[PDB]
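This report concerns only the one structure given below.
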Amino acid sequence: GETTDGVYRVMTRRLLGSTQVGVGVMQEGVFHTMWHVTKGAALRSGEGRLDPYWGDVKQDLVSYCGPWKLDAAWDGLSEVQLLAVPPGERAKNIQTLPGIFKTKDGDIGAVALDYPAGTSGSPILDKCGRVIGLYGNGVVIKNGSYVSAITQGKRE
Amino acid sequence: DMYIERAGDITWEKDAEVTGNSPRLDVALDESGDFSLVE
Ligand SMILES: CCn1cnc2ccccc21
C-alpha cells in the first residue's frame, strides 16, 4: 500500500457509508495514531495490511509496522500548528500558542481548538515541520470548550 | 475493516490562520487514558 510519509485519514465501512474515525502520521515506514481511533485493530492501505506493533491505552497511542518514531517536543514558548484533517474536508494548518495541562506527574502542552471527534490523530507541528504530538485526547472546560493535550510517545 | 487514505504532507505553512487561547488547567489522567479537570 501507500508508504509515503505524510498525514492520512483513518476510515471505516462498518457504519453508514464511509466514515472517518480519525487521522494518523506515516513517518519512517511507521503509522502513528491515537489508540481510541483504531482500538488496536489492523488497518488496510490499498491491497496491503498494517499490523499494530506497540500501543498503550493510558497514553492513548498506537504505532503500526514498527516502533513509535516521533520524538520532537513542544519547546514550551513558541506557537505551533495543528494540521487538522476534519471528516470530508481538506487538510488545513491552524497556528496557536499552546496552553498547559498541569498534572501530578508533570506538565504537558495543550491546544484549545475544537474539531469533530474524527479529527483525532491529527498532528501538531513545530516550526521545523516536526510532529510534537497528536491531537484528540483532552477535556471539556468550564465554558464548555474543548482543549486537547499535545500527546507524544517515546522513541525507544 | 479500517483503511487509510493520504490527506497531505506534514509541513509548517507560513501565514496560516492564527487562533485559540492558551489555558492553564489542573488535570488528572486515569488508568483508562481519560483526562478530567481537578478543582
Ligand atoms: C468533546 C469531544 N471532542 C470535541 N472535539 C474533539 C476532537 C477530538 C476528540 C474529541 C473531541
Side-chain angles (χ1 to χ4, degrees), chain A residues 1-2 4-14 21 23-25 27 31 35-36 38 41-45 50 56-60 79 81 83 85 90-105 110-113 123 125-129 131 137-139 141 147 149, chain B:
Chain A
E2 190 165 23
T4 314
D5 277 10
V7 62
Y8 287 64
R9 303 177 191 275
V10 175
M11 311 293 299
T12 182
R13 301 220 177 112
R14 230 179 37 82
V21 293
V23 179
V25 174
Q27 181 173 129
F31 190 66
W35 184 88
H36 79 263
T38 68
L43 299 175
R44 181 166 41 84
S45 185
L50 302 203
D56 189 295
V57 158
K58 186 174 174 176
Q59 295 183 46
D60 192 24
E79 284 195 341
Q81 286 186 1
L83 180 43
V85 186
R90 202 151 44 235
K92 172 184 57 258
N93 295 63
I94 313 285
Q95 193 164 316
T96 195
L97 178 78
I100 307 291
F101 275 4
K102 302 174 188 190
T103 82
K104 66 166 216 281
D105 294 320
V111 298
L113 299 168
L125 340 171
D126 63 25
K127 295 186 194 153
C128 298
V131 173
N137 193 24
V139 79
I141 75 167
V147 181
Chain B
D1 198 65
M2 295 183 177
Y3 62 99
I4 64 179
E5 300 184 329
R6 201 166 186 274
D9 287 7
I10 297 172
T11 296
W12 178 272
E13 117 144 87
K14 310 262 256 316
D15 306 323
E17 194 230 348
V18 185
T19 200
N21 71 301
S22 323
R24 292 180 194 261
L25 305 155
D26 281 348
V27 305
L29 175 60
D30 70 13
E31 190 172 276
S32 297
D34 297 321
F35 280 108
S36 61
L37 288 179
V38 175
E39 303 274 350

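All values below were derived from every heavy atom in this structure, side-chain atoms included, with hydrogens, water molecules and symmetry-related copies excluded. Below, chains carry the letters A, B, ... as their sequence lines are ordered, and counting in each starts from 1.
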So CD1 of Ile4(B) and CZ of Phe31(A): to nearest 0.5 Å the spacing works out to 4.5 Å
Kindly list each side-chain donor-acceptor pair under 3.5 angstrom involving residues 13-31 of chain B, sequence neighbours excluded, with atom names and distances?
{"residue": "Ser22(B)", "atom": "OG", "partner": "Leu97(A)", "partner atom": "O", "Å": "2.7"}
{"residue": "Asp30(B)", "atom": "OD1", "partner": "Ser32(B)", "partner atom": "N", "Å": "3.0"}
{"residue": "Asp30(B)", "atom": "OD1", "partner": "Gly33(B)", "partner atom": "N", "Å": "3.3"}
{"residue": "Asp30(B)", "atom": "OD1", "partner": "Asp34(B)", "partner atom": "N", "Å": "3.0"}

Return the option, out of [options], with the maximum number of heavy-atom pairs under 4.5 Å with chain B.
| options | answer |
| --- | --- |
| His36(A), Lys58(A), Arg44(A), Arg14(A) | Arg44(A) |
| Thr96(A), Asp5(A), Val7(A), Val57(A) | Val7(A) |
| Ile94(A), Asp105(A), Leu50(A), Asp60(A) | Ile94(A) |
| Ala42(A), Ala112(A), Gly129(A), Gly24(A) | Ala112(A) |
| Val111(A), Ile141(A), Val23(A), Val131(A) | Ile141(A) |
| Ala41(A), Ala149(A), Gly138(A) | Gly138(A) |

Which atoms of [X] come close to chain B, meaning under 4.5 Å heavy atom to heavy atom: side chain ones, backbone ones, both, or neither?
| X | result |
| --- | --- |
| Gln27(A) | neither |
| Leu125(A) | both |
| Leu113(A) | side chain |
| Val85(A) | side chain |

Apply side-chain hydrogen bond (donor to acceptor under 3.5 Å, both in side chains) to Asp56(A) and list each qualifying residue two or more places apart in sequence or on a separate chain.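 For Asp56(A) there are no side-chain hydrogen bond (donor to acceptor under 3.5 Å, both in side chains) partners, ignoring immediate neighbours.
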Which pair of heavy atoms, one from [X] and one from [Y], lies closest together, and at what distance?
| X | Y | result |
| --- | --- | --- |
| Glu2(A) | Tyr8(A) | CG-OH, 3.2 Å |
| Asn93(A) | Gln81(A) | ND2-OE1, 2.9 Å |
| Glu79(A) | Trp12(B) | O-CH2, 3.7 Å |

Is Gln59(A) close to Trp35(A) at the side-chain level, that is, under 4.5 Å between some pair of heavy atoms? no
